[PDB]
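Participant:
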Ligand SMILES: O=c1[nH]cnc2c1ncn2[C@@H]1O[C@H](COP(=O)(O)O)[C@@H](O)[C@H]1O
Ligand SMILES: O=c1[nH]cnc2c1ncn2[C@@H]1O[C@H](COP(=O)(O)O)[C@@H](O)[C@H]1O
Ligand SMILES: O=c1[nH]cnc2c1ncn2[C@@H]1O[C@H](COP(=O)(O)O)[C@@H](O)[C@H]1O
Ligand SMILES: O=c1[nH]cnc2c1ncn2[C@@H]1O[C@H](COP(=O)(O)O)[C@@H](O)[C@H]1O
Ligand SMILES: O=c1[nH]cnc2c1ncn2[C@@H]1O[C@H](COP(=O)(O)O)[C@@H](O)[C@H]1O
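Chains as they are written, first to last, in the deposited numbering: chain A, -1 to 19, 25 to 100, 112 to 212, 220 to 310, 323 to 370; chain E, 0 to 4, 7 to 100, 114 to 310, 322 to 375; chain B, -1 to 19, 25 to 100, 113 to 211, 221 to 311, 322 to 370; chain C, 1 to 18, 25 to 99, 114 to 375; chain D, 0 to 4, 7 to 19, 26 to 100, 113 to 310, 323 to 375.
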């Protein structure tokens, strides 16, 4: 009466370690987020490799202005009305422009917007009109087919004039299916979308990074990878970049800040902030209009990001790497017992 | 510096035997149950002879499984992770297969069919034209507005002639949402204790009964307001017969099983010899082969081989009827009324 | 060959959380400890909801003076001779003396623990020494003998002597001591000289107490005995139905505690032992046995000031200016 | 915060390092005796039943006496009810009989109403008494043993407990106890509400008290019989307990499984089970509120603490258990209990594994 | 704070399927070049360990009738071991492993200390194969021991070495001229210390990694060095998994210590017959020059009865994979990881 299960082994970022082998302020954290051919330059280059998650608790217009000021991009959450998301995008695009400020060709704050695989025919034109610099399908591993239909719609109507990412995927088949559908980048994570959650983020990132590099040799097209979720400590960021991720999406990290849209609460003499995932009914069933957890209040986004990126820049110096591609080439990543 | 916001399994519960000294014959125990909603005092439109249905899975419910389970009085829900044409062909193959047995008006077998929240506008008519007796929304995210829009579509076109169930839910909000949307029966995510169906499935026979008790409490509360009884389906996590009796006693009207049925000859998977012992291949609906059926090796697990469905179901229900005699119940409604369910803190070998 | 056990589920304080929905110094921490009728005023109202345990390692005359100064009551331990306990009670009532808890004669309020054995000689001696309130230091398994001590006090003194009883964990245990005339009911798993779930027991008795409050109109205050690990557990117990809290290890860490201060690996600690230890259960043999050590925390004044300031701060977030307001407005959720 | 605890080990972690089993003498004393002299009461088998409402009544006392053991009628009842149970065993007409050739029975007493319960049980014909305390050895057990030695001297034999240490043994010994009970079942001197699992007794307290008993016998020349209280169901644990120094073993849930137990038999899904509850339960602890059979109005949620598997008759099971106890003694090279305690090579099993 | 720089057992692996009498359990012991035959070829892929409690002269004869070779333990005097090797090689002869003289093939263990006087006495007594029993793993003293035999006997005397767990360990003993390489599967480590692991709890990770290094060394030099899985196996399925993972033959200690031919005493442990046992890490083995029971293993009867049972299931398992000999199993077997096993 025995049953055998054959699940592939997965690991987290805490099971690995960057082994070092000289000015930390001389390290460039610029990274691409739009696919580019060999030798060419990406259409959108961030100044820091941080993006905020596509969640009601993370990415509003206040978060988008703050993160763009530091060199990142916020992906405004799409579990709201089409008019609200476009209005949120429009407020970032019109807030007047911090040496690492990320601006477009018209000197406006760069911002992203999340879309779903359902109302994209009405949602994409409104977000494009609002000035969204880049889009990202906010889905999970098991909805890859409907991510492909959404990418096909964008490419059929806009060609390559609208930048759109897709995710999440965890393996080669998921990466290649979105890659050949025209995804300008690919998000890697065990969650995403309105699916409920329960890491395996390191294994997922390593597997997709191997398929991405293989896809680069096969086609000459470099597709940036976004590691979505699983960053608990600042040394995990450098580890994710070294494993192949070109930028990192974080939710809980940004929900702690002043610019986060959730409420600040005093919980036993310690200031905390409300938090919930997109699997919550208030997010999954936003059309019908409840706290999942609390995260500790951390202060301003600028103060925390500068601390996190100083650790990243100083770690890359110890590895003899002055930029992210150089880190991905010289990094020694070993297991920790 | 971080805080989150309990569940129990069927292994933690026990039925206290009734006080009666009168002898109870297990063969006189009736296992009939309703599967579609009905008003207070009226008879359900569909009544199964046994409280077992097969899951909406590629590795469980094909046409052969549909004929075998209908012969024993149950209903199979043909899986919908396939083309609309191949699903209607499997539905028609069970209906047109010539015929205790669960039959419709035309003495044909009773079969079910799963639907999704995307192509229902063209899949629901094809399945009804194929002769499906009851439908069920197979959702991977739980109760959502897309389950509602699918339910609104069926009601707006067929009224109440076509019966469609929906799920999964675990709490009162989920039940009342699908109940107020017109669902004929509500499915409870017992196997994983969650509303979603994702690639990582829970172990065999490790279902969570807490979700079933919570929805049964909302169903009885809802039945007391509107006078409408919504049949509850306990979905997954059960293989042991005593867990079937517990599920029924806790308020479940019928039980959906996947891995329980994949062990049988009529399962559509391949039988393999694993060092003498016969085994059966298996994979969940969250696997890439099912989730990406439009794009078309692929073995998630080996389940033990258990022979024929007729032999195994007869043994499982022989113990269910015997357990209901010990509780003093001759039918499932009596079980839900007379069951003294206690919580077991621990067990021990002597 | 299986055996089946049917133990009731029991949760600790660490599994619950107070969710908020005001100046902290405006919060009143006063609370009753003697039963009062619907709308009446209790015979003894503490200024802070803290009382010290009935233990050799906790409540002596120095503890009673220090805790009464802050507004609490110490229950002098009864695992000793009748003269020794009465002398310590007398030492507190005769200490000369803003939130100070005083009786009608401007004397420090103190309690005293009695057992279910020598009460016929110990109760009058404690009454004569000036004990403002008594408490039967027992456990769940001695409810009958807790009643007989209550039946003795009520028979000889009526309601002129206030006496509480504990511990109980159930509805059936609360009503038994309530009918016997207990002025308050102590809730806890331990208690007495037995050897050693506090949240579940507190929620259960609070329901039985509230139900008993509608049947009779008499409000019997509840004392949560033991299980307070952190300062935010205090506001949790109060919001769950407890009117005051009994702490043992919390108080033995202070200077005013009678235990020896000990340097242990550079960290100053203090000795500690429970009433189930031989030195306490069999005090008659004694007219060394250290069960555990607790960290030396400093003065009772400075620590109680910090613990209550957090309590007052949490109640402000919950929109409660007093303990009764807290027990009505508090939103308590389960926390994994 | 640092705390103090001693390493405790169960019976399953010990092993006896290695004859006709029928010739083995399972006889053992249960009352103290001076060096060289015999014992007043010599059981034929080393088993006694627990002073519990769910174990020892008149039927249990009769059946266990026919097999050579003694039952201790529970005191969690009226003095009249316990005296009637003791009297029914005596006046009921191998077997363990007294001088009058009546069944030998024991009775439990508490430290509260001993001035009326002890005379009533002695009048009823109790051959031996035992103090049941929920708090462990205390001054109230001393005052109870002082009263018995004052009114009856040594005519009435009384045991006390439970203990887990040297000081506890010497306290009841210097108080005049005829035998001393070791809190093996829960590893504690107390009998509280929650109970340990079936067969999870702590041998550490038995070994520590056996060392104190052997040292007390070396000074005064008085041998105090030791009782291992509970925590044993397996036959090998019985031989282990006897080997570690226990002169006789008291079992609760071992005897509750039998038909001679006063609890209800229940058909649970085709398997016969018996209701069970410990002496820490309110029905036993608050027995003064159900004095005339008020406990049969209690429901399953209120009255039944546990389901134990029905094991049939006492005589059938004890014969199976003792037949293997006698066979285990053969592998150790011992024909009697005293020889076991001197020849037993007891070792610690660091681990067991399947091959 | 104290960062430290992952192994799986045989229980976590499963052979994915694609006449058991037709199956050949023959396997080589000694090195050979691509194309030629092996100097010593087994009939069954089982050897007994180099331990006081497993390999006497009785075990050498019994394992020789069934087709295996026993390595006589070297924790004894040089004359005592030589007399044990002599008795097996002088005991008169269906699957027996015999030399050209039609005498029983037997092995003997040596150490890196007295080899200059112990190796001659063992070869002089007729030991076919030798094996270095090391306590620290692969080291220089194992290389100099190998340099001694190759300098005095050339390649006439065959000597194996171990234990290794890694690629560097295999290549070190390979370049040093070892005839076979032994892998520390039982303890998953390079050493053989006091505390031994559990029966049947061997680590397959060391066997896979060394087989990867053995196949690389074979493709670069054309010299096949047989691999030995040393310990941690009593289950027949773990034998087939080890053979499929690259191991050519398996070394077992507690598996053979349970049989009547074991040198230990048979005891009656409460109606159940048991066998005494102790590892080479015990003082009675490591302090054999100065001159009790570490464990009780279950008595299983005779070697012939149980070994025939284990190998009949090994042949039956090899049929379910589609392999008729051990080389074919190493090429056709599909080995997968079992995330978990559940009971229905
Ligand atoms: O409720 C959920 N449903 C689905 N995905 C989630 C949920 N919560 C978090 N995630 C995923 O985890 C990410 C958050 O990363 P983190 O909070 O920094 O660990 C999101 O961007 C999603 O990809
Ligand atoms: O891929 C899977 N992951 C998680 N849940 C699944 C998966 N496939 C099916 N399910 C659910 O689990 C049920 C099967 O329950 P079972 O009887 O435990 O096999 C199905 O009816 C679905 O509700
Ligand atoms: O040794 C013991 N026996 C019985 N109860 C105890 C013992 N030790 C502590 N307690 C109980 O626990 C309380 C102290 O709780 P604490 O502040 O959490 O240490 C005391 O007032 C008793 O009710
Ligand atoms: O209610 C209980 N709680 C804790 N200990 C108990 C209780 N009832 C009986 N005991 C003790 O445990 C023994 C029973 O051991 P048993 O053989 O494991 O059943 C009795 O003889 C008592 O010493
Ligand atoms: O004393 C010991 N401690 C640790 N390992 C040992 C000891 N004795 C033998 N071994 C190793 O274990 C192998 C056999 O173990 P087994 O076959 O799994 O019981 C031997 O060939 C040695 O490699």
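Note that the Cβ used here is the ideal one computed from N, Cα and C, for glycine as well.
At a CB-CB cut-off below 7 Å, which residues of chain A make contact with residue 370/D?
Facilitator: 3, 4, 5
Participant: Just verifying my parser: in three-state terms, what is the DSSP assignment at residue 170/B?
Facilitator: helix
Participant: Decide if the segment 359 to 372 of chain E is in contact with the segment 330 to 338 of chain E; the criterion is three or more beta carbon pairs, one per stretch, under 8 Å apart.
Facilitator: no
Participant: By the three-class DSSP mapping on this structure, what secondary structure does residue 259/A have?
Facilitator: If DSSP states are grouped into helix, strand and coil, residue 259/A belongs with the helices.
Participant: Please identify, using Cβ separations under 9 Å, the residues of the segment 344 to 357 of chain C that lie next to chain D, in order along the chain.
Facilitator: 344, 347, 348, 351
Participant: Can you tell me whether residue 56/C sits near ligand 4, meaning its C-beta is under 6 Å from at least one heavy atom of the ligand?
Facilitator: yes
Participant: Could you tell me which chain A residues have their CB closer than 7 Å to the CB of residue 308/E, listed as they occur along the chain?
Facilitator: Contact annotation for residue 308/E against chain A: 159 [CB-CB distance below 7 Å, chain order].
Participant: What does DSSP give as the partner residues of residue 200/A in its beta bridges?
Facilitator: Within the DSSP bridge table, the entry for residue 200/A names 180/A, 246/A as partners.
Participant: Under 8 Å Cβ-Cβ, which residues of chain D neighbour residue 256/C?
Facilitator: 289
Participant: Which runs of the alpha helix (DSSP H), 4 residues or longer, sit entirely within the segment 253 to 306 of chain C?
Facilitator: 255 to 264, 273 to 276, 302 to 305
Participant: Name the DSSP beta bridge partners of residue 53/C, please?
Facilitator: 269/C
Participant: Find the residues of chain A that neighbour residue 300/E, judging by a C-beta separation of less than 8 Å, and give them in chain order.
Facilitator: Chain-order list of chain A residues neighbouring residue 300/E: 156, by C-beta distance under 8 Å.
Participant: Alpha carbon to alpha carbon, how far is residue 212/C from residue 14/E? Give it in angstroms, no decimals.
Facilitator: 26 Å
Participant: I'd like to know whether the C-beta of residue 373/E is nearer than 7 Å to at least one C-beta of chain C.
Facilitator: yes
Participant: Within the continuous beta strand (DSSP E) that includes residue 152/B, where are the two ends?
Facilitator: 148 to 152
Participant: Just to check my reading of the structure: residue 207/D and residue 8/D have Cβ atoms closer than 8 Å, yes? What is that Cβ distance to the nearest angstrom?
Facilitator: 5 Å
Participant: What did DSSP end up calling residue 339/B once you bin it into helix, strand or coil?
Facilitator: If DSSP states are grouped into helix, strand and coil, residue 339/B belongs with the helices.
Participant: Note the first and the last residue of the continuous alpha helix (DSSP H) segment covering residue 66/D.
Facilitator: 64 to 72
Participant: In its own chain, which residues sit with a C-beta less than 7 Å from the C-beta of residue 114/E, not counting the 5 before and 5 after it?
Facilitator: 50, 74
Participant: Between which two residues does the alpha helix (DSSP H) holding residue 237/C run?
Facilitator: 223 to 240
Participant: Does the separation of the CB atoms of residue 178/D and residue 157/D fall below 7 Å?
Facilitator: No, the Cβ-Cβ distance between residue 178/D and residue 157/D is not below 7 Å.
Participant: Is it true that the segment 79 to 94 of chain B meets the segment 59 to 67 of chain B, where meeting means three or more beta-carbon pairs spaced less than 8 Å apart?
Facilitator: Yes, they touch.
Participant: If you follow the beta strand (DSSP E) that residue 327/C is in, where does it begin and where does it stop?
Facilitator: Taken as a continuous stretch (DSSP letters only), the beta strand (DSSP E) holding residue 327/C covers 326 to 329.
Participant: Would you call the segment 210 to 226 of chain C and the segment 242 to 257 of chain C touching, i.e. three or more CB-CB distances under 8 Å?
Facilitator: Look at the beta carbons and you see the segment 210 to 226 of chain C touching the segment 242 to 257 of chain C: at least three pairs across the two are nearer than 8 Å.
Participant: Return the CA-CA distance between residue 196/E and residue 345/B, expressed in angstroms with no decimal places.
Facilitator: Each residue's alpha carbon lies about 49 Å from the other.
Participant: Pick from 72/E, 168/E, 280/E: whose alpha carbon is nearest that of residue 140/E?
Facilitator: 168/E
Participant: Measure the Cβ-Cβ separation of residue 189/C and residue 232/C and say whether it is below 7 Å.
Facilitator: At the C-beta level, residue 189/C and residue 232/C come within 7 Å of one another.
Participant: So is the beta-carbon of residue 271/A under 6 Å away from any non-hydrogen atom of ligand 1?
Facilitator: yes
Participant: Decide if the segment 149 to 166 of chain D is in contact with the segment 115 to 125 of chain D; the criterion is three or more beta carbon pairs, one per stretch, under 8 Å apart.
Facilitator: no
Participant: Taking 7 Å as the cut-off, decide whether the C-beta atoms of residue 147/D and residue 128/D are in contact.
Facilitator: In terms of Cβ geometry, residue 147/D and residue 128/D do not form a close pair [threshold 7 Å].
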